[PDB]
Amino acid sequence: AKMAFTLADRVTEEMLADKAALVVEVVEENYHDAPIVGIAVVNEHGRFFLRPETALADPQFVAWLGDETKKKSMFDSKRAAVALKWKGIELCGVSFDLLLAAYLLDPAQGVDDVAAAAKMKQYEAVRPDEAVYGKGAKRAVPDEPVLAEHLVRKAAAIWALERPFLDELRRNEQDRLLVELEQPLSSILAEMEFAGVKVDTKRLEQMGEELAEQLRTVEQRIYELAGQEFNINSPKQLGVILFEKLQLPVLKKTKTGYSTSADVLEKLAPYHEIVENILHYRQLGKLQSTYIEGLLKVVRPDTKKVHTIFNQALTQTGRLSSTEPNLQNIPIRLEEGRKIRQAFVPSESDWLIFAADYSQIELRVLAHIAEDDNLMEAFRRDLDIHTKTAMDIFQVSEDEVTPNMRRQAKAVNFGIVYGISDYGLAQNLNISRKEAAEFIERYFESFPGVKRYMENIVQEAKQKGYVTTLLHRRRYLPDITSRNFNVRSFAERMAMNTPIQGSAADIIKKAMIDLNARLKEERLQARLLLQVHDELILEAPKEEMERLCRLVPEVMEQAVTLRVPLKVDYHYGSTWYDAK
């Protein structure tokens, strides 16, 4: 039951057809500067396994890889493209990416290797990567006979699966989403990852030294306030100190024991001086271990850059995620953490960081999709949307909006976006369920088109079994019919939230493609470095800043046409922190 293929000693012309399934295998999780362990080609003329030392030194093979008119079908072509970039080799002509095709057809499947995608079309003549390479410490590259068969089977699967996947994308009206949005974006993300972001490691180390002294001070304050030493990092040990020794009231339970979440601790602060010190310890220790030590661990000493990996085929909404490091959760809310961003610097002297962010893109998308007259008019007037929402639900003039009224309207606006619920709003504003219900009802009285949209999209999700975004991304919601209230209610909130969050994701991806094209047309040296969901981060020569100030907001604002304007804020400076 094995496959017939050539174990090739040299590259022949028949391996260089103008259409082929191509496998450029990178087994290490983090593919930056990682080994390519083997290569398989399936085309009209046969099935071929090439050792990479042979293939990647062959001028004809490298020219074929780089020829845009030689079309390749692959799985996770960004992984191969980036690993080849580190070897100075350009991958072009990737016309079909099976990982992205499977992701668009059903993000919930968790498709992470060829075998999982193949199973979607009843094709099982390929093993899961985990069965071949192993898991964790057992992970290893097998001997060439076993490796070569696996790589040819993956290429053979890709060769056979392109047509049924493209046929279903076509029936879904998602063919352009793959070919004009996700596949071009993959090349852009590959360039961004390869370029990396320069880190000022000396400044991080100096911050780490300052945190370690502060942490030493707080931890001794906690040990004297507790009258005892314990592992403050251990939620169990801390729970014994607070709730058994010090007898603090138990306000929240976790499945395992006592909650020690920052939410609970804030409420316990009036009872004992220790609680404020634990919160302070938690803040500082999060910065030190996750953002100082964690960041320093993944800076490449050869470049002094971090080279993130964007996962383009993971989230259920169409957002990107970012790993090793995750550069989409660098602190910004609190000032002490915000100073971490001073460590992210331009990669050349006399360059600057330029950052541009959409203003309230998710509420603007909702205004467009719901066609809510009041919400649309608020954005057409470029109002402060949280102040305007407070005015409406409290029925007060703008000068009667107090800071706390705006804070509660902002929390409603966040809930509306995320799938509004009695319980989650109540928990967030620390109010009762009945009170949160009244807030939501007053919101829907002020925004009746938003109410109609929320009712209609839930009905559409039940009828069709999925919801869609502006650019035809879809998310299936089988739990929408569950008779379990909690399971059904989460699916209803996803029906509400996904067209909003997913459409905002669609727009920023289109902005990234349009921006990359405009930068090349303008012959700017400016480079995209990062996307953080509603924001784009670039670096550029300081002599390009004035041009970027006009170009980048205009490209982002024109990425799609909605019934309301899109608004982009932007800043630049010497570090990511100063791009504020």
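One-based numbering along the sequence shown.
With 87-95 and 357-365 compared on mean CA B-factor from the PDB entry, the stretch scoring higher is 87-95. Looking at mean Cα B-factors across 281-289 and 231-239, the upper value is held by 231-239. Highest CA B-factor among the listed residues (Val197, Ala101, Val82, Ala426): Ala426. Take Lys510, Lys305, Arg493, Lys267 and read off each C-alpha B-factor from the entry; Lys267 has the highest.
Ranked within its chain, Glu554 lands in the middle third, by CA B factor from the PDB record.
In this PDB entry, the Cα temperature factor of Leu562 sits in the middle third of its chain's modelled residues. The PDB entry assigns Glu130 a C-alpha temperature factor belonging to the highest third of its chain's modelled residues. Per the deposited record, the Cα B-factor of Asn430 falls in the highest third when ranked against the other modelled residues of its chain. Sort the chain's modelled residues by C-alpha temperature factor and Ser349 lands in the highest third, per the entry.
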